Structure formats: structure tokens, C-alpha cells
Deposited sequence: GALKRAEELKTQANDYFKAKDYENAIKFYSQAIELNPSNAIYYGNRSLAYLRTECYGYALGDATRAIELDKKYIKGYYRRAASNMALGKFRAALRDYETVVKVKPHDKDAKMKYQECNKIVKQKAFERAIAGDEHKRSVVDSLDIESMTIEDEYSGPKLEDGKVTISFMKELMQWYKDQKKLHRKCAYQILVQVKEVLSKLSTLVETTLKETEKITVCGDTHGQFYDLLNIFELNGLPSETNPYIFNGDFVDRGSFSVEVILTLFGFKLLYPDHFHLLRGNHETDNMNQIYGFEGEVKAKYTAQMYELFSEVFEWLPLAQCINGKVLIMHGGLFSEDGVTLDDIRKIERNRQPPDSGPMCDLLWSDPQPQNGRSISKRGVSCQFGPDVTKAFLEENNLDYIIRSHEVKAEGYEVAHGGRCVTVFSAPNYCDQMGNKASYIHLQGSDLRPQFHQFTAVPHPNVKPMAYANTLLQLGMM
């Protein structure tokens, strides 16, 4: 009876979507949905709100539903395309654009989109059918140029001098030379491949370590961290909880700067794998696109090879466990399980290694279908179980943007840390890094902000169907 009250929340959710308050935009579109669940618009918007929050799964859900309650909701078809795109589902997205270019024959763009998705669908599949480095020569062939005025690997070693030089180089655009980049990649892969899936570090009674979350190519923020918290070293260790690339337009600077420090302080500088240190994700969000623009489409092939040798989780003093995503779908899972995972490869569509990089904590109890469409969500009980069954106090993960840079959930058992401030030059969130001390493994949150960067918009690489999706 209240179709007036139903649409009172169709502007009190359709409003906070303007103030980039998608968490409330969603929480109100829902209440509006609950009252009147037959309005395609409500679903269409709640879908976009899910897109802006990276909840691709749910975004696909609302989109589909919006399309059932109205086959004339062009918005719905687009919103659903984007959802599929994000999950990487090529054809599934093409079929939607196809259905649009028809109901709107004289609709420009609609063709730009169909022809665009098409190109990709053909290619993606076009690529089918051994070690990449076994090929390129490097130290051998690889020459250099006297015209090259930037950082050279002092005897292909990596020095504190090279790092600082390299960083200044990067602060001013300018790419490191291929020969050095390849050398860094080959060495880091060597070093990474010799690490167990579950790195285990022991923090002395005194002596801290710093934990950072998603970085996402936000290079000039990586530098803000190093200035604000000190450069990496044996006396000032660091650990970056995955997601160093994609979305940000300086993933190549960020990544080579991290691998660089990985080589300089391989026992005090830790990198864990994230859902985005994956080929599937790299080819939709910019890294592949960026690596090919700045180097060769073969440099990228080597990146994804080292990305597979990145540990999946790290445990500090047997008390704190940190991984990019979260806990698991299945209830078994133990610290030993993790160690014995065959990391070197792309991730399974489900299972441990998958949850380890994609799961999100949940307020309520028990698992649930992930808003993302992959892995699952988990309740405080699941966190407590795991914690207990492994003699772990709490977990530190990233994987999700957070207004205040971090978030403590599940009574303090699940901690989220995010290191990309103003996420995509649009969220406007603070970011944080954690100080973990041996004598007191209590998370010490440190917030940092904005900090300016050269032009170049987020996702300046990668086909345009995405850049046009995220904004």
C-alpha cells in the first residue's frame, strides 16, 4: 500500500549514492526493495552500488533481476554486462550488449561496446595451445644504452643506492631499463620459489614489523608510507598483504619497487599474494595492459610467473596469521594444510587457495555466498573456530576498502588493513598500516592520507570497457 514509502527510500539510497556512501546506499535500496520488490529500478541501482563496491556477484544478481522485472530497462542490461566483465565473463557480457544494440539499433556507443566486447571475446579465446626465461637472454645479449641515464643494477645485485635511485627515477616517471627489470624479476622468482606457501616469521620480544594492505599501483602512496614510516630494512621490516597491482596506474613502479626491496632485504621484506597477482585479474584491471605499454608483452608473462611463487599467507610468532582475503569455506583447514598447498599456478575456482585470496569477513554467524561471486563470506564463529583450532590469536587481512583505513571485526579476531588511500582517486578513504610488536602482538593502527600524484587516471591501461565502468 505504501508505494510512496517504497520510493521514499528510492531517493534516500539513490541519494547517498551521490555522496559515495555505497554502504548506506545499499542498506537503503534494500529496505526499499523489501517493501516494493517489483521495481526494476531499485535493483538496477543497488546493482551499480555493488559495482562501485566491487561486489560483482551481487551486482550480477540485482542486474539479472532488474532485467526480469522489465525487459525494457536498458540500464539493467549495461549494469549486468559490467558485472560479467568484472568477473571476466567475456561472452556472457557480449550477449547483453548484443541484446542492447538491437532494441536500440540507432544507438551509437552500443555498437562501440558490442564491437569492443567482441574483439576481446575473440582474442581471449584466440589464445590457447614453457618457462619464458628459458628463452630471453638477459645478462647475455641484453645490452643497455650509453644514452640510458637511469638506475643500473650494480653488477645485477640491487643496492640501497639503486633502490633510492630507482624510487626517484619512478617519482619522475621514467622506466627502469628492461635489462634491470628482467634481472630483478628473474632473481625475485628464484628467491620466491624457495619459500613455503606459509611464510613463518619470529618477532623478537622487542622489534616491530609493519603490515600494509592493498597498494594497487598507487605508487606515490607507497612512497608516502616509506617516508612516514621509514624505508625498509632489517631494523624496520615490512610485509605487504597482496594486491600491489591493477586499478592503480603505477603498478609497474609499485611492483618493481617492492620486488627490489624484496631482493635487498629478503628476510625482512615480505610480499604475500593477492587476488590481483593473478592473470585473470591482470588482464581486466590494467597490469597486463600497463606492463605491455611500458615493456614487452613478454615482460608480463615473466611477471605472472613470479606472481605464482608469492606465498599465500604469513604467520607471526604462531599467534597472528595474515593473508590477503580471509578464512575458508570448509571447516577443516589447519596451518599445516596451508604450507602444503601447490601455490605456483593460477588459483582454483574454489577451495583453500581460492578462499585464501578472495574471502571476506561477515558480521553474522556462518558462511554465505560471497558478494564477489568467488570464495565465500564467513562469520565470527568461523573465525573463532579456525583461530582456536590453530592456536592463533587473530588474523590480519586486506582485500576490502575501508573509510578509516582499517577495521576490527569478530570481537577483534578479524582485522582488515587497507593501504591505498583515496582508493581510486574516488573513494576518499584514509588508509593505514599496522605496527606489530613482538612483546605485544596487539595491532597498532597508523592512519595516513591522500598525497598527490602525476596525472594519468586509474586504469589508464586495459580496454576501455572497464575504465568506463569504474568512475
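Not built in the structure, per the record, is the single deposited stretch 130-135.
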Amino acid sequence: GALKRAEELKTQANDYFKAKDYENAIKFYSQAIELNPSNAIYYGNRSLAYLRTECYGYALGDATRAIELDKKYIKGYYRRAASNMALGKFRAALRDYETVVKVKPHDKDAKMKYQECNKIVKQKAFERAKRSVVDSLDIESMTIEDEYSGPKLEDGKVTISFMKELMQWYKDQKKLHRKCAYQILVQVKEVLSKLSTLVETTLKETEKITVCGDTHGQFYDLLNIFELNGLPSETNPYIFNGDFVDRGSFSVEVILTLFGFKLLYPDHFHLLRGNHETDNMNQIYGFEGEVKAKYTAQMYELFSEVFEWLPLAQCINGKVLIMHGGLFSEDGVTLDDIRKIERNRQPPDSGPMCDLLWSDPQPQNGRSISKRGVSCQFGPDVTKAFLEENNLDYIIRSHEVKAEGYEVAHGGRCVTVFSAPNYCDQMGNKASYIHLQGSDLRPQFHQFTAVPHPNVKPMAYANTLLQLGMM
From here on, numbers count along this sequence of modelled residues.
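Legend: mean Cα B-factor per stretch from the PDB entry, 386-394 versus 233-241; the higher mean is in 386-394.
Taking the mean C-alpha B-factor of each stretch as recorded, 451-459 and 7-15 are not equal, and the higher mean is that of 7-15.
Going by the entry's values, 98 shows the largest Cα B-factor out of 227, 267, 349, 98. Among 441, 414, 60, 35, the highest C-alpha B-factor recorded in the PDB entry belongs to 35.
Per the PDB record, residue ranking by Cα B-factor puts residue 325 in the lowest third of the chain. Per-chain ranking of the deposited C-alpha B factor places residue 295 in the middle third. Among the modelled residues of the chain, residue 55 sits in the middle third by CA temperature factor in this PDB entry. Among the modelled residues of its chain, residue 260 has a C-alpha B-factor that falls in the lowest third according to the deposited record.
Ranked by C-alpha B-factor against the other modelled residues of its chain, residue 203 falls in the middle third.
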